[PDB]
Number of protein chains: 2
Amino acid sequence: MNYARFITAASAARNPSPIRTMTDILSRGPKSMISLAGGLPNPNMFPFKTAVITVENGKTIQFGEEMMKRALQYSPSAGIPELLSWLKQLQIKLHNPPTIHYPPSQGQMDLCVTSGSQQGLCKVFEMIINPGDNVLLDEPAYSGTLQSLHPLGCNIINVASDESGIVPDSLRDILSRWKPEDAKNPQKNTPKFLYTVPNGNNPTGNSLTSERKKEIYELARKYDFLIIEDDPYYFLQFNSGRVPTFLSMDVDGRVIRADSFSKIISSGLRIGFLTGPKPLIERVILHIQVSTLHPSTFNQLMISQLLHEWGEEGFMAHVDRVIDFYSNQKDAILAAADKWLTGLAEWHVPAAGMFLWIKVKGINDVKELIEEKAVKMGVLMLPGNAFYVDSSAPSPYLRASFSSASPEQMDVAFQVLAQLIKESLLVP
Amino acid sequence: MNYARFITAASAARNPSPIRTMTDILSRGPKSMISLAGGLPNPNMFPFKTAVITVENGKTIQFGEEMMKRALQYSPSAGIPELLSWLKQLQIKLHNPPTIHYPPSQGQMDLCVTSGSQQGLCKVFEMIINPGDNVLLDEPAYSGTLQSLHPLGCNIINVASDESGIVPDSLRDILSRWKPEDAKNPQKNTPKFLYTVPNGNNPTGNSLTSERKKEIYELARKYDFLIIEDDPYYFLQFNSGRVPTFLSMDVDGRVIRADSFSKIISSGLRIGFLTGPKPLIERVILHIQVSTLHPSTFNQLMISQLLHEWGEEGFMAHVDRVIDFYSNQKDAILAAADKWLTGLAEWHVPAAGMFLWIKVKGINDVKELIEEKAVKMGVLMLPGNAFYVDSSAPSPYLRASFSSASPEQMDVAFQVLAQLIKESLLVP
Ligand SMILES: Cc1ncc(COP(=O)(O)O)c(CNc2cc3cc(Oc4ccccc4)ccc3n(O)c2=O)c1O
Ligand SMILES: Cc1ncc(COP(=O)(O)O)c(CNc2cc3cc(Oc4ccccc4)ccc3n(O)c2=O)c1O
C-alpha cells in the first residue's frame, strides 16, 4: 500500500523530537552512561511520594518511591512499553490482524496509547483531510466526530443504514459515481475513508453483521479507501460472542481502529488506543508528540498494573460483569419505554452500548420539548439534531442514556416525557 | 480588540458539544434532576475504588469512594472548577492582569487547564497559523515549538537576542518593513504573533528584563500582533522576586500565556494551563473538546487537593525549595565548566531553568562530536542544531541539563567533553 496519497502535506512534514536520536544511541554505546542531553526534571523535587489504589476483585495497586518517580515523569509519546506490549497481545488474541508480520512500509500492525479514543480519531482526521475531500459515514453519527469533521472542510457523504448498520448496497450505489481507477487519479476525489461505529452506533445502538462487514471491506478494496473503525462499544455488546472486526479482516492494511477504556475501565483517566498500519500510526504519534507529548504516565501505570495482574482472563471476566450490568439497565429502560411511550414513540432494542434512540411519533422537531420544557420539569435527554451533519434540520428523535439512572428514575423520566409529548400532540 | 484576524477559518468554524447546553440549562431548572442526556458511563463499573497518596511536607491526599468515582469520570474541557478557580486567583495575585474585568469580546481574562503546557501552545499555534503567515521568535528556540510550527507552513522571522533575551531594537528594525496600518490590511501579512520564553529560554537560560518587556509590548501594540508568553520556567528563576510578565502589562488583551507544572509539581501528570483573552481561549477549549475532551480528572484532583491544602503560601514555599535545589545544581555545572572548559568553550550563567548553553570555540559543527564520539565515551548532551529553524545548518553549540547529574557525574562528563574538543582541534 501507498499511504502518502491519504495524508496531508502537514502530516508528512512532521519530524520526531531530537531526544529520539539520543534514545536510539542509548542502547548503542555503553550501559553506565551520564546523560546531560535530556530535559527531564529532577523527580525528587515532586511532592507526591507513594500511592496505594484499592481494586475491586483484584490486588491493591501500589506505587513505591521508585515507581511514583516514574509515574510523575515524562514517558514515550506512543505510550509506556508494558502497556503497549499487553495491548498488542490483546489485539492479536481478539482480532489476529493479517498485518502483524507485514513489512513496516506494507502496513505492519502498530499501536499507540492515546489520551482517550477521541484523541486518536481527532489526530487521524487531521492527518487525512484536505478541504474538499470526500468522506463516508452513516448518519445519525457520534456528535464528537461530526464536530471534529465540520472545521476540516470535507464533504460528508451520508451512507444509508438500518437496524443492522450500514446498508452495503447504499455504499455500492454511492461509489458507482466513480470508477475504481479514479482512486489512482490525483484529480478525481474518490473518498479518503469510510467512518463507522460497528458496535452500538452512537446514537442508534445498532450493530453491523459479519456479512455486511465483509461486503463493506470488499468495496473499500475496490475503490481503495481507508476504514476508520471507531469501536468504543466493542466490549459492551449484549449478544453472545463478538462479531469479527474490520481489523480482523484487514488483508490490505487499510483499517485504522480506535479502542476505548472509557465505558469499561475509566472515562476520566483519558486512556484509549489506536491500532493500524505503521506509516499511519507513526504520523499520529508525531502529532501527539507536539501536542500532549504523551498520555499521563501515572494513569498508564495504573491501568497497566491492573491489566497485568488480571491477565486477559481477568480483563474478559470484568467486561462480562460490566456487560451484565448494562444489559439489566437496557431491560429497565425498555420496560420504562413500553410502559409510558407505547403509541407515542418508536424505538429499536440496542445491540450494544448505553443508548436508546427514540423517535417521537407526531412531532416534527423535539428540540424545544427536550432543551427547554423537559429541563424545567427536571429531566435531561439529548435532542436528535446533534447527531446529523445538518443540525439545523428538524429532528423528531432523542437519545436517552441508560448507564446510571435507576428503574424508578427511568419511570419518573418517561412519565415526564409522555406528559410533554401529550402536551405537544394537543397543540394544533 | 478584534480577534477574528488571529483565528483561521477552521478554528472559527468550531462549535461546542451539545452537552454544554445540558450543562448551562442544568443550573436554571430544578435541583433533584434526572439525567439521561450525558453519555457518562456508570462510575460503579470502574475497578479502582479508593486512593491514598503521600505528600512530602503536606497532608496525605485521600480519594474516598465518592471522590474516586469523580476522578475516574469525564469532567469539563476547560478543567475542574476548583482547580480553575485556584489558578485564576493565583494569576490575579501574581500578575493582576489588566483584562480581569474586560467584556468577554474585549479580551476578558480566561483560563483553561491543558494536558501539559505543550498542548496549549500546539492548539494556540493551530488556531492562528495559515500557510504563508509571518511569525516572530528568537532563535535558538525550544525544539518542541519549532517542531509544532514546521508543518504549519509559516515563515519564521528570527529576532536578535543576547544575555537579556530579545533585543527590542532588532524587533523594531524587523517591523519597519511594514507600516502599523498594514495589520488592518487583508493583503499585507503583518506578523500574527511574537513567541518567546521570557524566563530561562530553552536552550540559552537567558531571561528578559522588565524594561525590554515594556518596549516589546509597545511594539506589539504598534504593529498589532499577539504575544505568546511561553513561561514554563517562571517558577524556576534564580533571582528573588520575579520580573513582571507580559500578562501583567496586557492592557490590550493581546497576550496568551502558557504556564507549566512540569518542573515544579510533575511532568508525567500532563497538567499545565493557558491564560489569555476569552475569544482566543474559547477557540482553544473547542479544539481540546474534539481531541483529548479534557485533562485527566484524577490528575487534576491530585493537584487541586495539594494546592488547596498548601494555599498560595505553601505553593510558594515549595517553589523556593525547588529553586534552591536547581540553584545548587547550576553552581555545580558552572564549577565543572570552569574546571574543564576554560579556553575551550564559552557559556553565560543561566538566569532561570535547568540548562547550560555551551559554545565550543574552534569547531564549526559539534553534531558528530556529540551524537557519535561523546556517546561512544558514555556521555550524552544535545547538539545545538535542534534549536534552530534550519537544523541542517552547522552549530558549534550544545545544551547541557543540570537537573539530575551529581557534581562527580558533571566532572566526568565535562572531562570527556574537554578531551573531545582538544581531539577535534589537533586534526589536520
Ligand atoms: C520552553 C518550553 N515550553 C514548553 C515545554 C513543554 O512542557 P510541558 O508540556 O511539560 O508543560 C517545555 C519543556 N521542554 C522539554 C520537555 C522534554 C520532555 C521529554 O519527554 C518527552 C519528550 C517527547 C515525547 C515524550 C516525552 C524529554 C525531554 C524534554 N526536554 O529536554 C525539554 O526541553 C519547554 O522547555
Ligand atoms: C462513538 C464514540 N467514539 C468516541 C468516543 C470518545 O470516547 P473516549 O475519548 O472517552 O474514548 C465516544 C464517547 N461518547 C461520549 C462521550 C461523552 C463525554 C462527555 O464528557 C465530556 C464531553 C465534552 C467535554 C468534556 C467532557 C459527555 C458526554 C459524552 N457523550 O454523550 C458521548 O456519547 C463515542 O461514543
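Worth knowing before you read on, the calculation uses all heavy atoms, side chains too, and leaves out hydrogens, waters and symmetry mates. Counting starts at 1 for both ligands and their atoms, following the listed order. Labels below follow one simple rule: chain letters A, B, ... track the order of the sequence lines, proteins then strands, and each chain is numbered from 1.
For the pair A:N202 and ligand 2, the shortest N or O to N or O distance falls below 3.5 Å. Between B:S267 and ligand 1, no N or O atom pair is found at a separation short of 3.5 Å. In terms of polar-atom proximity, A:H294 is not counted as a contact of ligand 1, lacking any N or O under 3.5 Å from an N or O of the ligand. For B:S75, no nitrogen or oxygen atom sits less than 3.5 Å from a nitrogen or oxygen atom of ligand 2, counting backbone and side chain alike. In terms of polar-atom proximity, defined here as any N/O pair under 3.5 Å, A:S262 does make such a contact with ligand 2.
Note: A:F125 and A:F193 have parallel aromatic rings, judged against thresholds of 30 and 60 degrees for the angle between ring planes. Taking the six-membered ring where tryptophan is involved, the planes of A:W357 and A:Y397 are essentially parallel, since the angle between them stays under 30° and well short of 60°. Ring pair A:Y74/A:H294 is perpendicular by interplanar angle, where above 60° counts as perpendicular and below 30° as parallel.
Looking at heavy atoms from C-beta onward, A:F246 lies in side-chain contact with A:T196 at the 4.5 angstrom threshold. Side-chain atoms of B:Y142 and B:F387, non-hydrogen and from C-beta on, never get closer than 4.5 Å to each other. A 4.5 Å side-chain heavy-atom check between A:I34 and B:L380 finds every atom pair outside the cut-off. Two residues are said to be in side-chain contact when any heavy atoms from C-beta on lie closer than 4.5 Å; A:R14 and A:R283 meet this criterion.
Shown here for B:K123 and B:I288, the closest heavy-atom pair between the two residues is CG-CG1, 4.1 Å. The minimum heavy-atom distance between A:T275 and A:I281, with the atom names listed, is C-CD1, 4.0 Å. Smallest separation of non-hydrogen atoms from B:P41 and B:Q73: O-NE2, 2.8 Å. Between A:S77 and A:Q289, the shortest heavy-atom contact is OG-NE2, 3.0 Å.
Using a 4.0 Å heavy-atom cutoff, A:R399 is listed among the residues neighbouring ligand 2. In this structure, A:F261 has no heavy atom closer than 4.0 Å to ligand 2. Taking a 4.0 Å cut-off on heavy atoms, A:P232 registers as neighbouring ligand 2.
Near B:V197, meaning under 4.0 Å from one of its heavy atoms, ligand 1 places the atoms 1 (C). Near B:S260, with a cut-off below 4.0 Å to any heavy atom, the atoms of ligand 1 are 8 (P), 11 (O). Atoms of ligand 2 found under 4.0 Å from any heavy atom of B:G39 (numbered from 1 in listed order, with element): 28 (C), 29 (C), 30 (N), 31 (O), 32 (C). The atoms of ligand 1 that sit less than 4.0 Å from any heavy atom of B:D230 are 1 (C), 2 (C), 3 (N), 4 (C). Within ligand 2, the atoms closer than 4.0 Å to a non-hydrogen atom of A:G116 are 9 (O), 11 (O), numbered from 1 in the order shown. Set against the non-hydrogen atoms of B:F355, the atoms of ligand 1 under 4.0 Å away are 33 (O).
Nearest protein heavy-atom neighbour of atom 7 (O) of ligand 2: A:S117 OG, 3.4 Å. Nearest protein heavy-atom neighbour of atom 9 (O) of ligand 2: A:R270 NH2, 2.8 Å. Summary of contacts: the protein heavy atom closest to atom 22 (C) of ligand 2 is B:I19 CD1, 3.8 Å. Summary of contacts: the protein heavy atom closest to atom 34 (C) of ligand 2 is A:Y233 OH, 3.5 Å. At the shortest separation from atom 17 (C) of ligand 1 among protein heavy atoms lies A:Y74 CE1, 3.8 Å. Counting only heavy atoms of the protein, atom 23 (C) of ligand 2 lies nearest to B:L293 CD2, 3.7 Å. For atom 24 (C) of ligand 2, the closest heavy atom belonging to the protein is B:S77 OG, 3.0 Å. From the protein, the heavy atom lying nearest to atom 27 (C) of ligand 1 is A:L40 CD2, 3.7 Å.
Screening A:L121, A:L149, A:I227, A:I256 for a side chain to side chain contact (heavy atoms under 4.5 Å, CB included) with A:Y195, the sole residue that qualifies is A:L121.
The residue among B:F387, B:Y142, B:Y195 with a heavy atom at the shortest distance from atom 2 (C) of ligand 1 is B:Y142.
No close placement of the B:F261 and A:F46 rings is indicated, their centers lying 6.0 Å or farther apart.
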**OP:** Applying salt bridge (charged side-chain N to carboxylate O under 4.0 Å, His left out), run through A:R70 and A:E82 and close with a yes or a no.
**Re:** CA-CA 13 Å; A:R70 186 189 173 193; A:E82 47 281 86; 2.7 Å; yes

